[PDB]
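Virtual Cβ from ideal backbone geometry, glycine too; neighbours counted across all protein chains shown. The numbers here are math on the coordinates, done by the rules we state, and not lab data.
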Amino acid sequence: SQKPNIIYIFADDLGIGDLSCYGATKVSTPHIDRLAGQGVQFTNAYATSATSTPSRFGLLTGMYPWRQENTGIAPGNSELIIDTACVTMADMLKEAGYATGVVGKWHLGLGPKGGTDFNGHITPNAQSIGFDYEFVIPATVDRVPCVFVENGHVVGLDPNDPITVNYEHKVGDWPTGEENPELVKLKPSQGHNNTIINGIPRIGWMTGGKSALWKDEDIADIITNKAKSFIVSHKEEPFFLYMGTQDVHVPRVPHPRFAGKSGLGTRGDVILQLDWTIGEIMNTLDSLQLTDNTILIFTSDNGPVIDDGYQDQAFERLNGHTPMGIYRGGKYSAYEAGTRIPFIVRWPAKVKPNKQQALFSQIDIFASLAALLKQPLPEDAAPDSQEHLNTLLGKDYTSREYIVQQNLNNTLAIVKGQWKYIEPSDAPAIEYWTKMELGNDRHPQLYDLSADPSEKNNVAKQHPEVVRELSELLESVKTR
Ligand SMILES: CC(=O)N[C@@H]1[C@@H](O)[C@@H](O)[C@@H](COS(=O)(=O)O)O[C@H]1O
Ligand SMILES: [Ca+2]
């Protein structure tokens, strides 16, 4: 064929150390390892951000999320965060002649100023920014409402039982973690004490849509089947599938057939469920003879977290597993494990198996696919996205000049050749809930990653001219 199919899969909070192809010894990921073996495994690939909403925003817009105020972790009832006049990756692939679909985790908002009204046609939605087809989890599985949205309508919604959602105060009289601990089956470790759904207290309050409520143990199966439907439906045409798994995000509710199979508790169990999901996508492609001329990109939105809010024994069951690999920090953090993510590109027709050590950022995927397809961008489109197609395909080992990282508190860090600079911040050093090291410091930090990849040795006092140059460089990206 001329024009490859494109599948982009965000895992949720999957760590640079969670996969056996990245050296995990305490858990085995044979489907994802097989994918690695068939394509290009990246060892220096980064998301824009150490959290969900901003990394997904940066990927789809080709604009750094920290250039817009509303791009932080979004509530389940956030208005759509991407302006409908923005050119998205989905829009440019639609212009390039692809059928476009989003399946799974969205977390970019739905509906207009005021927040999501879940009770009729929800607009603007993913279809307002270049997706033909939409089947989404509004935000995260730990956030209300716990329902799916398909082409702008809640699946199984009864108009006589309308939904209301509120993140400021209780609406309705549904049990909560706070008031009704007797009805809590998975106890919260950190907040998560609002409306209970299926015995799991969630973030935010909801009432109504009883018949629309999902079953947590079926979410991977539902996402996997809707992804396969989309692929089977577009067997004969060029398609783009943007897919977001729930795994390995809290609450971790493995299907019974994975539950207790890892021996790392539910956190390990959903790594195996995730590996099985990617296996199902690879088997579907193979079935339809679409393997060879499909670009399959598998990555994560941000780094990993052990205890992210439920008493699921993820620390107690960890068994010497290292989700962060050697790296400092994790989810939320400006330290490397915040934005360092697993990243695999398989395109058998065109791309030989390889390890890509080059510096790569998810911000460049938009301009890199546009360049591949020779698709022209409006002057204002994908403004921070550089063409690095050769690097993406393992055809060159040319690093990005620098990459930019954003933590929870919008502290930015820049990596240039061997050097990592973290700009000063007044935000807390330690994240209140998880106690994660955020890398917020009133003083500059400088790490030589070639010598000190675990960021053990701040050498800012040793290299003021390096701090000054990288500081001036980061400020010029900000004011560009
Ligand atoms: C105490 C608490 O509420 N913690 C939650 C965490 O559980 C998770 O839901 C996170 C977003 O994760 S992300 O991957 O979608 O950014 O938001 C935090 O606020
Ligand atoms: Ca995430």
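Below, the figures for the structure above:
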quantity: Proximal charge balance of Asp426 [Cβ under 14 Å; K/R count +1, D/E count -1]; calculated: -1
quantity: Antiparallel bridge percentage (DSSP; both residues within the chain; nearest 5); calculated: 50
quantity: Nearest-20 debye value, region 403-479 charge dipole, Cβ charges on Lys, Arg, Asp, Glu; calculated: 60
quantity: Zero-based 10 Å bins, Cα pair distances in the chain, whole percents; calculated: 4, 21, 32, 28, 13, 2, 0
quantity: Cut-off 15 Å between beta-carbons: net charge of the residues surrounding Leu264, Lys and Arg +1, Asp and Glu -1; calculated: -4
quantity: Relative contact order %, the chain, counting alpha carbon pairs below 8 Å whose residues are six or more apart; calculated: 23
quantity: Projected label distance in nm at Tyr432 and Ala85, using a 7 Å step from Cα toward the beta-carbon; calculated: 3.6
quantity: Rg/Rh ratio calculated on Cα atoms of region 403-479 (Kirkwood radius); calculated: 0.95
quantity: Normalised contact order of region 403-479, rounded percent, pairs of Cα under 8 Å and 6 or more residues apart; calculated: 24
quantity: Farthest toward positive dipole pole in the chain [+1 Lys/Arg, -1 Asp/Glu at C-beta], among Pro65, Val149, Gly303; calculated: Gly303
quantity: Local electrostatic count, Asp216, Cβ distance below 13 Å [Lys/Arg +1, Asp/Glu -1]; calculated: -2
quantity: Of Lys105/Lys226; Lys3/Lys94; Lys26/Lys435, pairs whose Cα-Cα distance is over 19 Å; calculated: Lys26/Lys435
quantity: Of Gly260, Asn119, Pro428, farthest towards positive along the dipole that unit charges on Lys, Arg, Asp, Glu beta carbons give the chain; calculated: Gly260
